[PDB]
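Chains as they are written, first to last, in our numbering: chain A, 7 to 249; chain B, 7 to 249.
Here a beta-carbon is modelled for each residue, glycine too, at the ideal position from N, C-alpha and C.
Protein chains: 2
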Amino acid sequence: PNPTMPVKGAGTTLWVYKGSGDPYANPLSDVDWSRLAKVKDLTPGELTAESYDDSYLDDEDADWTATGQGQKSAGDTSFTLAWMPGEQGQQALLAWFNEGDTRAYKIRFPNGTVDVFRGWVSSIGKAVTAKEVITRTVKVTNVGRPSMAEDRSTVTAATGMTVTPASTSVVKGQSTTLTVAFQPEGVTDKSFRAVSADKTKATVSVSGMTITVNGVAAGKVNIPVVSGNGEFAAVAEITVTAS
Amino acid sequence: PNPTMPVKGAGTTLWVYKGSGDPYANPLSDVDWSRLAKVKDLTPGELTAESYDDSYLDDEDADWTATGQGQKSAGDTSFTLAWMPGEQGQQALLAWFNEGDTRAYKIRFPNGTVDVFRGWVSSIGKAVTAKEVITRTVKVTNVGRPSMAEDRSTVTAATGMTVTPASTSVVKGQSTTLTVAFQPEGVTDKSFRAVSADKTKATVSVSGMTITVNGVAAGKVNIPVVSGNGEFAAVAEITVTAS
């Protein structure tokens, strides 16, 4: 994965945001994104710009006409994918079209870089033919300003999730926080999620780099932590004391 | 007939509603529907929406243009069949064109799902050529809200997730299979992924509801399996033996 060398282009993936946070803040994260599977083909949006005349009479040597860049447009993105009405992601796509709210969608190139736009579905189609797979074709009109893949350009990642083990004694409505950290001294594009393995003895309220546990019942259970896309994981045990 | 997998599109049929009840209620029944047999080519109408400008003079970030989804349209659906005027149903189609009253027509795909639209015939053509069959081409302009296939999809999920624990026999390359199954009445959307917490003593090879786990160096690794729902997870314990 070298973002400084030409890439063949195969393996490009497409995801749609469904969370509530800032899509532009953590685009490399894949936590609140649903993948659209089996994209037959994809053509991304085009960044256009309407020109404005910038030539007045007072200017000398008026033989040549001059223009300047005005308002920029993000263009329309098209993609056709295999038609599976019963697969999660297509149902969300038609719900998005029927509602019409502006949502964020990103494309993960086979380069270690992502490209996320915001837009709404402007066209929905279908191509049913024998001797060939049925393909659903979607067109999306982008709004606002996109987050180009050339903006961040400074991704960092190393090996490991440090997390303090044990944490046995758990009392007072439990509700204790346990410290988590990354290996590259902390400086990365972070992403992670955790949840109790049983949910009958304890539950978690992960919010902002701190994992807080509150328990309901006694027993031994281990909570997992998964690094967003999941390139690393960790496990920490909890033993709910009677008193 | 699995709606969660792509289909070859061969065998798609077309029906026109003839009864008096509501077609939108039960479009899976072929009671009051007339079949238009011998379909040569078919192309369903595309769903489209007109864009309405959403740019205000007093807002910031004027370097880019923004718009929004406006009014949807159901497009024009075309299909060419063989010319058999004596066959009932073609006469009904011609009478529908002559009277010009809006009616419902459904398409049966080889998935068990249907596509029922409402519209009026706006074009009737013919192509007479030697060494070829005489074809009748029909085009229907659709009105109102079409009943898409994805509106007939129901979701079954939750109730947790299960995986067989321990199985400490880890020796000589392993590639041991780990089975992850969902409890609720069989039917569910089984989206999941599992991750190795060490990546050195042992590794996982997630592949379609079966986890392939191999060992490299002796030690104790607990590997977590989580789900895309964001609530369900479990941890399986592995002891990679040197010999």
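On the DSSP bridge list, what partners appear for residue i?
i                 : result
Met215 of chain B : DSSP, once it has assigned bridges, lists no residue as partnering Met215 of chain B.
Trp89 of chain B  : Its beta-bridge partners do not exist; DSSP assigns none.
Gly74 of chain B  : B:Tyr58
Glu243 of chain B : B:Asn228
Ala110 of chain A : A:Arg124
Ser84 of chain B  : B:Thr49 and B:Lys145
According to DSSP, is residue i part of a helix, a strand, or is it coil?
i                      : result
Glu105 of chain A      : helix
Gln96 of chain B       : helix
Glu52 of chain A       : coil
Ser79 of chain B       : strand
residue 273 of chain B : Beyond the ends of chain B as shown, which are 7 and 249, falls residue 273 of chain B; an answer cannot be given.
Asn235 of chain B      : coil
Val210 of chain A      : strand
Checklist entry - Taking a cut of 7 Å between CB atoms, which residues from the segment 36 to 63 of chain B lie near chain A? => result In summary, the residues of the segment 36 to 63 of chain B whose CB is separated from some CB of chain A by less than 7 Å are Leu48, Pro50, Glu52, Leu53, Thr54, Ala55 and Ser57, in the order they occur in the chain.
Checklist entry - Between the segment 158 to 172 of chain A and the segment 74 to 84 of chain B, are three or more C-beta pairs nearer than 8 Å? => result The segment 158 to 172 of chain A is not in contact with the segment 74 to 84 of chain B.
Item to check | Three or more C-beta pairs below 8 Å linking the segment 232 to 244 of chain A and the segment 25 to 38 of chain A | outcome: With a cut-off of 8 Å, the segment 25 to 38 of chain A and the segment 232 to 244 of chain A count as touching, because enough Cβ pairs lie within range.
Next on the checklist: Runs of 3 residues minimum, wholly inside the segment 127 to 207 of chain A: which ones carry the beta strand (DSSP E) assignment?
Outcome noted: Within the segment 127 to 207 of chain A, the beta strand (DSSP E) runs of at least 3 residues that lie entirely inside it are, in chain order, 141 to 148, 167 to 169 and 182 to 188.
Checklist entry - How do the segment 64 to 77 of chain A and the segment 146 to 158 of chain A stand: do at least 3 beta-carbon pairs fall below 8 Å, yes or no? => result Short answer: they don't touch.
Checklist entry - Quick one: complete beta strand (DSSP E) runs, 3+ long, within the segment 9 to 51 of chain A? => result The qualifying runs are 19 to 23, 39 to 41 and 45 to 49.
Next on the checklist: Can you pull out the residues from the segment 155 to 177 of chain A whose beta carbon lies closer than 7 Å to at least one beta carbon of chain B?
Outcome noted: Cβ contacts with chain B: none found.
Checklist entry - Contact between the segment 168 to 184 of chain B and the segment 213 to 230 of chain B: three or more CB pairs below 8 Å? => result At 8 Å Cβ cutoff, the stretches touch.
Next on the checklist: Beta carbons nearer than 9 Å to chain B: which residues of the segment 181 to 202 of chain A have them?
Outcome noted: For the segment 181 to 202 of chain A, residues whose beta-carbon sits nearer than 9 Å to a beta-carbon of chain B comprise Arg199, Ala200, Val201 and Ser202.
Next on the checklist: Closer than 9 Å between beta carbons: that is the criterion. Which residues of the segment 67 to 79 of chain B meet it against chain A?
Outcome noted: Listed by position along the chain: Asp67, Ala68, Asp69, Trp70, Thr71, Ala72, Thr73, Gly74, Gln75, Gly76 and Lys78.
Checklist entry - Using a beta-carbon distance cut-off of less than 7 Å, what residues from the segment 10 to 23 of chain B approach chain A? => result Listed by position, the residues of the segment 10 to 23 of chain B near chain A (Cβ gap below 7 Å) are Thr10, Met11, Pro12, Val13, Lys14, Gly15, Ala16 and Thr18.
Checklist entry - What residues from the segment 220 to 232 of chain B come within 7 Å of chain A, judged by C-beta to C-beta, listed N to C? => result Listed by position, the residues of the segment 220 to 232 of chain B near chain A (Cβ gap below 7 Å) are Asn228, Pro230 and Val232.
Item to check | Cβ contact check for the segment 122 to 134 of chain B and the segment 100 to 111 of chain B: 3 or more pairs under 8 Å | outcome: Output reads yes: the segment 100 to 111 of chain B touches the segment 122 to 134 of chain B.
Item to check | Touch test, the segment 125 to 141 of chain A against the segment 165 to 178 of chain A, Cβ-Cβ under 8 Å, three pairs minimum | outcome: In short, these stretches do not touch, since the Cβ pair count stays below three.
Checklist entry - Are the segment 11 to 26 of chain B and the segment 37 to 56 of chain B in contact at 8 Å, needing three or more beta carbon pairs? => result Contact between the segment 11 to 26 of chain B and the segment 37 to 56 of chain B is present, because at least three Cβ pairs lie under 8 Å.
Checklist entry - Can you list, in chain order, the residues of the segment 140 to 151 of chain A whose Cβ is nearer than 7 Å to any Cβ on chain B? => result Contact annotation: in the segment 140 to 151 of chain A, residues whose CB is within less than 7 Å of a CB in chain B are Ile140, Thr147, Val149, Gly150 and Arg151.
Checklist entry - Does the pairing of the segment 7 to 20 of chain B with the segment 89 to 96 of chain A give three or more beta-carbon distances under 8 Å? => result Contact holds between the segment 7 to 20 of chain B and the segment 89 to 96 of chain A, because three or more Cβ pairs, one in each stretch, are under 8 Å apart.
Item to check | Members of the segment 85 to 101 of chain B near chain A, C-beta cut-off 7 Å | outcome: Listed in sequence order: no entries.
Checklist entry - Between the segment 117 to 140 of chain A and chain B, which residues of the former have a C-beta closer than 8 Å to a C-beta of the latter? => result Here the close residues are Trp126, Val127, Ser128, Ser129, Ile130, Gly131, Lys132, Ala133, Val134, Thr135, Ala136, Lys137, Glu138, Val139 and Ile140.
Item to check | Contact list for the segment 204 to 219 of chain B against chain A, Cβ threshold 7 Å | outcome: Taking 7 Å as the Cβ-Cβ cut-off against chain A, none of the residues of the segment 204 to 219 of chain B qualify.
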